[PDB]
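Enquirer: Contents are mmCIF, N, CA, C and O atoms and all ligand atoms; file name query.cif:
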data_protein
#
loop_
_atom_site.label_atom_id
_atom_site.label_comp_id
_atom_site.auth_asym_id
_atom_site.auth_seq_id
_atom_site.Cartn_x
_atom_site.Cartn_y
_atom_site.Cartn_z
N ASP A 80 0.86 -1.22 0.00
CA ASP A 80 0.00 0.00 0.00
C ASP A 80 0.88 1.25 0.00
O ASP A 80 1.61 1.51 0.96
N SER A 81 0.81 2.01 -1.09
CA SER A 81 1.62 3.22 -1.20
C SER A 81 1.32 4.15 -0.02
O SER A 81 2.24 4.71 0.58
N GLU A 82 0.05 4.31 0.30
CA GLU A 82 -0.35 5.17 1.41
C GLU A 82 0.32 4.71 2.71
O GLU A 82 0.77 5.53 3.50
N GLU A 83 0.37 3.40 2.92
CA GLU A 83 0.99 2.87 4.12
C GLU A 83 2.47 3.25 4.16
O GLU A 83 3.01 3.59 5.21
N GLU A 84 3.10 3.21 2.99
CA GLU A 84 4.51 3.56 2.88
C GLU A 84 4.71 5.03 3.23
O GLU A 84 5.70 5.41 3.87
N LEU A 85 3.77 5.86 2.81
CA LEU A 85 3.85 7.29 3.09
C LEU A 85 3.85 7.53 4.59
O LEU A 85 4.64 8.32 5.11
N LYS A 86 2.96 6.83 5.29
CA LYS A 86 2.87 6.94 6.74
C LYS A 86 4.16 6.47 7.40
O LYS A 86 4.59 7.03 8.41
N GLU A 87 4.81 5.48 6.80
CA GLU A 87 6.08 5.01 7.34
C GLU A 87 7.08 6.16 7.24
O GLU A 87 7.82 6.44 8.19
N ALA A 88 7.07 6.83 6.09
CA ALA A 88 7.96 7.97 5.87
C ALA A 88 7.65 9.05 6.91
O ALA A 88 8.56 9.65 7.48
N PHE A 89 6.37 9.28 7.14
CA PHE A 89 5.94 10.27 8.12
C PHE A 89 6.49 9.92 9.50
O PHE A 89 7.02 10.78 10.21
N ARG A 90 6.39 8.65 9.86
CA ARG A 90 6.89 8.18 11.13
C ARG A 90 8.40 8.35 11.22
O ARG A 90 8.94 8.64 12.29
N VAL A 91 9.08 8.20 10.09
CA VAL A 91 10.53 8.37 10.04
C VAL A 91 10.89 9.84 10.30
O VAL A 91 11.83 10.13 11.04
N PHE A 92 10.15 10.74 9.67
CA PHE A 92 10.40 12.17 9.81
C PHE A 92 10.14 12.67 11.24
O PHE A 92 10.85 13.54 11.73
N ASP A 93 9.09 12.15 11.88
CA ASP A 93 8.73 12.59 13.23
C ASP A 93 9.52 11.87 14.32
O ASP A 93 9.08 10.85 14.86
N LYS A 94 10.69 12.41 14.67
CA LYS A 94 11.52 11.83 15.70
C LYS A 94 10.78 11.83 17.04
O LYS A 94 10.73 10.83 17.74
N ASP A 95 10.19 12.98 17.37
CA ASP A 95 9.43 13.11 18.62
C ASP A 95 8.31 12.09 18.62
O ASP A 95 7.93 11.56 19.66
N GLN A 96 7.83 11.79 17.42
CA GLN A 96 6.79 10.80 17.26
C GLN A 96 5.50 11.20 17.99
O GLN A 96 4.85 10.37 18.66
N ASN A 97 5.09 12.46 17.84
CA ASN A 97 3.86 12.95 18.46
C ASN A 97 2.79 13.25 17.42
O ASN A 97 1.74 13.80 17.73
N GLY A 98 3.08 12.89 16.17
CA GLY A 98 2.14 13.13 15.08
C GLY A 98 2.38 14.50 14.46
O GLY A 98 1.48 15.08 13.84
N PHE A 99 3.60 15.01 14.62
CA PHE A 99 3.97 16.31 14.07
C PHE A 99 5.44 16.31 13.67
O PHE A 99 6.27 15.68 14.32
N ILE A 100 5.77 17.07 12.62
CA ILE A 100 7.15 17.19 12.17
C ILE A 100 7.60 18.62 12.40
O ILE A 100 6.96 19.57 11.95
N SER A 101 8.70 18.76 13.12
CA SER A 101 9.25 20.08 13.45
C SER A 101 10.51 20.34 12.64
O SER A 101 11.20 19.40 12.24
N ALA A 102 10.82 21.61 12.42
CA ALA A 102 12.02 21.95 11.68
C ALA A 102 13.21 21.29 12.38
O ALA A 102 14.08 20.72 11.73
N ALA A 103 13.21 21.37 13.70
CA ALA A 103 14.27 20.77 14.50
C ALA A 103 14.33 19.27 14.21
O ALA A 103 15.41 18.73 13.94
N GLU A 104 13.18 18.61 14.27
CA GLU A 104 13.11 17.19 14.02
C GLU A 104 13.47 16.90 12.57
O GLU A 104 14.23 15.98 12.28
N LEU A 105 12.94 17.72 11.67
CA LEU A 105 13.21 17.57 10.25
C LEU A 105 14.69 17.84 9.98
O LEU A 105 15.31 17.19 9.15
N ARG A 106 15.24 18.82 10.70
CA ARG A 106 16.64 19.17 10.55
C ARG A 106 17.52 17.98 10.92
O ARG A 106 18.50 17.68 10.24
N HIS A 107 17.17 17.31 12.01
CA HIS A 107 17.93 16.15 12.48
C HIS A 107 17.82 15.00 11.48
O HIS A 107 18.81 14.32 11.19
N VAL A 108 16.62 14.78 10.96
CA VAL A 108 16.40 13.71 10.00
C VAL A 108 17.23 13.95 8.74
O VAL A 108 17.86 13.02 8.22
N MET A 109 17.24 15.19 8.27
CA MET A 109 18.02 15.55 7.08
C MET A 109 19.51 15.39 7.39
O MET A 109 20.30 15.01 6.52
N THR A 110 19.89 15.69 8.62
CA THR A 110 21.29 15.57 9.03
C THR A 110 21.73 14.10 8.98
O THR A 110 22.79 13.77 8.47
N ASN A 111 20.88 13.23 9.52
CA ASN A 111 21.15 11.79 9.52
C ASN A 111 21.18 11.28 8.09
O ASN A 111 22.00 10.44 7.72
N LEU A 112 20.26 11.81 7.30
CA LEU A 112 20.12 11.45 5.90
C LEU A 112 21.46 11.50 5.18
O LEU A 112 21.63 10.89 4.12
N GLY A 113 22.40 12.26 5.73
CA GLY A 113 23.71 12.42 5.10
C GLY A 113 23.64 13.62 4.18
O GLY A 113 24.53 13.87 3.36
N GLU A 114 22.56 14.38 4.35
CA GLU A 114 22.31 15.59 3.58
C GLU A 114 22.47 16.79 4.50
O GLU A 114 22.08 16.72 5.67
N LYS A 115 23.04 17.88 4.00
CA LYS A 115 23.25 19.07 4.83
C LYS A 115 22.57 20.29 4.22
O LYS A 115 23.11 20.94 3.32
N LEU A 116 21.38 20.61 4.73
CA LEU A 116 20.61 21.76 4.25
C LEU A 116 20.82 22.94 5.18
O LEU A 116 21.12 22.77 6.37
N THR A 117 20.64 24.15 4.65
CA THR A 117 20.78 25.35 5.45
C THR A 117 19.52 25.57 6.28
O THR A 117 18.49 24.95 6.02
N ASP A 118 19.60 26.47 7.25
CA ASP A 118 18.45 26.76 8.09
C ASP A 118 17.33 27.36 7.25
O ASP A 118 16.15 27.05 7.45
N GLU A 119 17.71 28.23 6.32
CA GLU A 119 16.75 28.89 5.46
C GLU A 119 16.04 27.90 4.54
O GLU A 119 14.83 28.00 4.34
N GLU A 120 16.77 26.92 4.01
CA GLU A 120 16.15 25.93 3.14
C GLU A 120 15.19 25.09 3.97
O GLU A 120 14.06 24.81 3.55
N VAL A 121 15.65 24.71 5.15
CA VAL A 121 14.84 23.91 6.06
C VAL A 121 13.59 24.68 6.47
O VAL A 121 12.48 24.15 6.43
N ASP A 122 13.78 25.95 6.85
CA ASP A 122 12.66 26.79 7.25
C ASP A 122 11.71 27.04 6.08
O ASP A 122 10.50 26.88 6.20
N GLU A 123 12.27 27.45 4.94
CA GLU A 123 11.46 27.74 3.76
C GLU A 123 10.60 26.53 3.38
O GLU A 123 9.42 26.67 3.09
N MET A 124 11.21 25.35 3.41
CA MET A 124 10.49 24.13 3.09
C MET A 124 9.38 23.90 4.11
O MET A 124 8.26 23.53 3.77
N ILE A 125 9.71 24.16 5.36
CA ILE A 125 8.77 24.01 6.46
C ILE A 125 7.65 25.04 6.35
O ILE A 125 6.47 24.70 6.46
N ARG A 126 8.01 26.31 6.10
CA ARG A 126 7.01 27.37 5.97
C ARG A 126 6.18 27.17 4.71
O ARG A 126 4.97 27.41 4.71
N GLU A 127 6.83 26.71 3.66
CA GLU A 127 6.14 26.45 2.41
C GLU A 127 5.13 25.33 2.62
O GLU A 127 4.05 25.32 2.03
N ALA A 128 5.51 24.40 3.51
CA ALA A 128 4.64 23.27 3.85
C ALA A 128 3.74 23.63 5.03
O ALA A 128 2.82 22.87 5.36
N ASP A 129 4.00 24.79 5.67
CA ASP A 129 3.17 25.21 6.81
C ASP A 129 2.12 26.21 6.35
O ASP A 129 2.42 27.36 6.01
N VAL A 130 0.94 25.69 6.30
CA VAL A 130 -0.27 26.34 5.83
C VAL A 130 -1.01 26.96 6.99
O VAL A 130 -1.56 28.07 6.89
N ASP A 131 -0.97 26.31 8.10
CA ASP A 131 -1.61 26.84 9.27
C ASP A 131 -0.59 27.64 10.01
O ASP A 131 -0.86 28.20 11.07
N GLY A 132 0.60 27.70 9.42
CA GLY A 132 1.70 28.44 10.00
C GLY A 132 2.02 27.95 11.42
O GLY A 132 2.93 28.46 12.06
N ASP A 133 1.23 26.99 11.91
CA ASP A 133 1.42 26.47 13.28
C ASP A 133 2.90 26.23 13.59
O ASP A 133 3.28 26.15 14.76
N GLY A 134 3.72 26.12 12.56
CA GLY A 134 5.16 25.89 12.74
C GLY A 134 5.49 24.40 12.73
O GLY A 134 6.65 24.01 12.84
N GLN A 135 4.45 23.58 12.58
CA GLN A 135 4.61 22.14 12.54
C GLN A 135 3.75 21.57 11.45
O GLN A 135 2.75 22.17 11.06
N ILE A 136 4.15 20.41 10.95
CA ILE A 136 3.40 19.76 9.88
C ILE A 136 2.80 18.47 10.41
O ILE A 136 3.52 17.55 10.80
N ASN A 137 1.48 18.39 10.39
CA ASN A 137 0.80 17.19 10.86
C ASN A 137 0.76 16.19 9.71
O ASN A 137 1.12 16.52 8.59
N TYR A 138 0.35 14.96 9.99
CA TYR A 138 0.31 13.96 8.94
C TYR A 138 -0.60 14.39 7.80
O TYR A 138 -0.21 14.34 6.63
N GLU A 139 -1.82 14.82 8.12
CA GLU A 139 -2.77 15.23 7.08
C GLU A 139 -2.10 16.22 6.14
O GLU A 139 -2.18 16.11 4.92
N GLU A 140 -1.45 17.20 6.74
CA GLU A 140 -0.75 18.24 5.99
C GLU A 140 0.44 17.66 5.26
O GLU A 140 0.74 18.02 4.12
N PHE A 141 1.12 16.73 5.92
CA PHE A 141 2.27 16.08 5.32
C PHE A 141 1.82 15.37 4.06
O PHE A 141 2.48 15.43 3.02
N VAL A 142 0.66 14.73 4.17
CA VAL A 142 0.09 14.02 3.05
C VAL A 142 -0.18 15.00 1.90
O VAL A 142 0.13 14.70 0.75
N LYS A 143 -0.74 16.16 2.22
CA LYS A 143 -1.02 17.16 1.18
C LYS A 143 0.29 17.64 0.54
O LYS A 143 0.37 17.77 -0.68
N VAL A 144 1.30 17.92 1.37
CA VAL A 144 2.58 18.39 0.86
C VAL A 144 3.31 17.28 0.10
O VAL A 144 3.87 17.50 -0.97
N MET A 145 3.30 16.08 0.68
CA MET A 145 3.96 14.92 0.07
C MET A 145 3.27 14.51 -1.23
O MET A 145 3.93 14.17 -2.21
N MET A 146 1.94 14.54 -1.23
CA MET A 146 1.18 14.16 -2.41
C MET A 146 1.43 15.15 -3.55
O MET A 146 1.61 14.75 -4.70
N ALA A 147 1.44 16.44 -3.23
CA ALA A 147 1.67 17.49 -4.23
C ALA A 147 3.07 18.07 -4.09
O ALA A 147 4.05 17.49 -4.56
N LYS A 148 3.16 19.23 -3.44
CA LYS A 148 4.44 19.89 -3.23
C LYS A 148 4.37 20.82 -2.03
O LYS A 148 5.38 20.98 -1.36
CA CA A 201 6.78 16.51 16.76
CA CA A 202 0.23 23.04 10.02
#
Give the structure from this file in C-alpha cells form.

Expert:
Amino acid sequence: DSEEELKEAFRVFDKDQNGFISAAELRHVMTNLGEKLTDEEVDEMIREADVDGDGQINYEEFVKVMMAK
C-alpha cells in the first residue's frame, strides 16, 4: 500500500513521534540522511509546507505536501 509507505515515511520524519514534524526534528532527519541543508532551506520548506503556519506539519498536511508539493 503506497499510502501505508507514506505513513512510514511520516513516522521516520517525526523523531518526537507525536504526530507532528518540526524543523528541528526535520533538521535532524536531514542531518542523519547524510544531507546538509541550510536553516533557510529547512525553514522555507517548512514554511512552504506550513499552511496553518502552526510551525509544525501534521500527517494530514504532510500528506497534502507529500502528495503534491
Ligand atoms: Ca513533533
Ligand atoms: Ca500546520

Enquirer: Residues within 7 Å of ligand CA 201 (chain A) (only C-alpha atoms and all ligand atoms), as an MDAnalysis selection string?

Expert: chainID A and resid 93:101 104

Enquirer: To one decimal place in Å, what is the distance between atom N of residue A:102 and atom N of residue A:83?

Expert: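 We find that atom N of residue A:102 and atom N of residue A:83 lie 23.0 Å from each other.
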
Enquirer: Tell me which protein, DNA and RNA residues are within 7 Å of stretch 138-140 of chain A, counting only N, CA, C and O atoms, leaving out same-chain ones fewer than 2 positions away, and put them as a list in words.

Expert: residues 89, 98, 99, 100, 128, 136, 142, 143, 144, 145 and 146 of chain A

Enquirer: With N, CA, C and O atoms retained, export the selected residues as a PDB file, keeping the file's coordinate frame.

Expert:
ATOM      1  N   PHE A  89       6.370   9.280   7.140  1.00  0.00           N
ATOM      2  CA  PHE A  89       5.940  10.270   8.120  1.00  0.00           C
ATOM      3  C   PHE A  89       6.490   9.920   9.500  1.00  0.00           C
ATOM      4  O   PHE A  89       7.020  10.780  10.210  1.00  0.00           O
ATOM      5  N   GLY A  98       3.080  12.890  16.170  1.00  0.00           N
ATOM      6  CA  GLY A  98       2.140  13.130  15.080  1.00  0.00           C
ATOM      7  C   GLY A  98       2.380  14.500  14.460  1.00  0.00           C
ATOM      8  O   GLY A  98       1.480  15.080  13.840  1.00  0.00           O
ATOM      9  N   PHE A  99       3.600  15.010  14.620  1.00  0.00           N
ATOM     10  CA  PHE A  99       3.970  16.310  14.070  1.00  0.00           C
ATOM     11  C   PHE A  99       5.440  16.310  13.670  1.00  0.00           C
ATOM     12  O   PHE A  99       6.270  15.680  14.320  1.00  0.00           O
ATOM     13  N   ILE A 100       5.770  17.070  12.620  1.00  0.00           N
ATOM     14  CA  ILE A 100       7.150  17.190  12.170  1.00  0.00           C
ATOM     15  C   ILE A 100       7.600  18.620  12.400  1.00  0.00           C
ATOM     16  O   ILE A 100       6.960  19.570  11.950  1.00  0.00           O
ATOM     17  N   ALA A 128       5.510  24.400   3.510  1.00  0.00           N
ATOM     18  CA  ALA A 128       4.640  23.270   3.850  1.00  0.00           C
ATOM     19  C   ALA A 128       3.740  23.630   5.030  1.00  0.00           C
ATOM     20  O   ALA A 128       2.820  22.870   5.360  1.00  0.00           O
ATOM     21  N   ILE A 136       4.150  20.410  10.950  1.00  0.00           N
ATOM     22  CA  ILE A 136       3.400  19.760   9.880  1.00  0.00           C
ATOM     23  C   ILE A 136       2.800  18.470  10.410  1.00  0.00           C
ATOM     24  O   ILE A 136       3.520  17.550  10.800  1.00  0.00           O
ATOM     25  N   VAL A 142       0.660  14.730   4.170  1.00  0.00           N
ATOM     26  CA  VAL A 142       0.090  14.020   3.050  1.00  0.00           C
ATOM     27  C   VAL A 142      -0.180  15.000   1.900  1.00  0.00           C
ATOM     28  O   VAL A 142       0.130  14.700   0.750  1.00  0.00           O
ATOM     29  N   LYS A 143      -0.740  16.160   2.220  1.00  0.00           N
ATOM     30  CA  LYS A 143      -1.020  17.160   1.180  1.00  0.00           C
ATOM     31  C   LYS A 143       0.290  17.640   0.540  1.00  0.00           C
ATOM     32  O   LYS A 143       0.370  17.770  -0.680  1.00  0.00           O
ATOM     33  N   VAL A 144       1.300  17.920   1.370  1.00  0.00           N
ATOM     34  CA  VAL A 144       2.580  18.390   0.860  1.00  0.00           C
ATOM     35  C   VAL A 144       3.310  17.280   0.100  1.00  0.00           C
ATOM     36  O   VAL A 144       3.870  17.500  -0.970  1.00  0.00           O
ATOM     37  N   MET A 145       3.300  16.080   0.680  1.00  0.00           N
ATOM     38  CA  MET A 145       3.960  14.920   0.070  1.00  0.00           C
ATOM     39  C   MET A 145       3.270  14.510  -1.230  1.00  0.00           C
ATOM     40  O   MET A 145       3.930  14.170  -2.210  1.00  0.00           O
ATOM     41  N   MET A 146       1.940  14.540  -1.230  1.00  0.00           N
ATOM     42  CA  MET A 146       1.180  14.160  -2.410  1.00  0.00           C
ATOM     43  C   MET A 146       1.430  15.150  -3.550  1.00  0.00           C
ATOM     44  O   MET A 146       1.610  14.750  -4.700  1.00  0.00           O
TER      45      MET A 146
END

Enquirer: How many Å separate atom N of residue A:133 from atom N of residue A:103?

Expert: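 Going from atom N of residue A:133 over to atom N of residue A:103 covers 13.4 Å.
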
Enquirer: Could you give me the residues within 6 Å of ligand CA 202 (chain A), counting only N, CA, C and O atoms and all ligand atoms, as a PyMOL selection string?

Expert: chain A and resi 128-137

Enquirer: Which value, in Å to one decimal, gives the distance between atom N of residue A:141 and atom C of residue A:113?

Expert: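 Answer for the atom N of residue A:141 to atom C of residue A:113 separation: 22.8 Å.
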
Enquirer: When DSSP is applied to the backbone of this structure, which of chain A are assigned alpha helix (DSSP H)? Write them out as a ChimeraX atom specification.

Expert: /A:81-92,102-111,118-128,138-146

Enquirer: Go through A:116, A:124, A:109, A:85 one by one, measure the shortest atom-to-atom distance of each to residue A:148 using only N, CA, C and O atoms, and give the residue with the smallest value.

Expert: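 Checking each candidate against residue A:148, we get A:124 as the closest.
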
Enquirer: Among chain A, which residues does DSSP mark as strand (DSSP E) when it is run on the backbone? Keep the chain and numbering as in the structure and answer as a PyMOL selection string.

Expert: chain A and resi 99-101+135-137
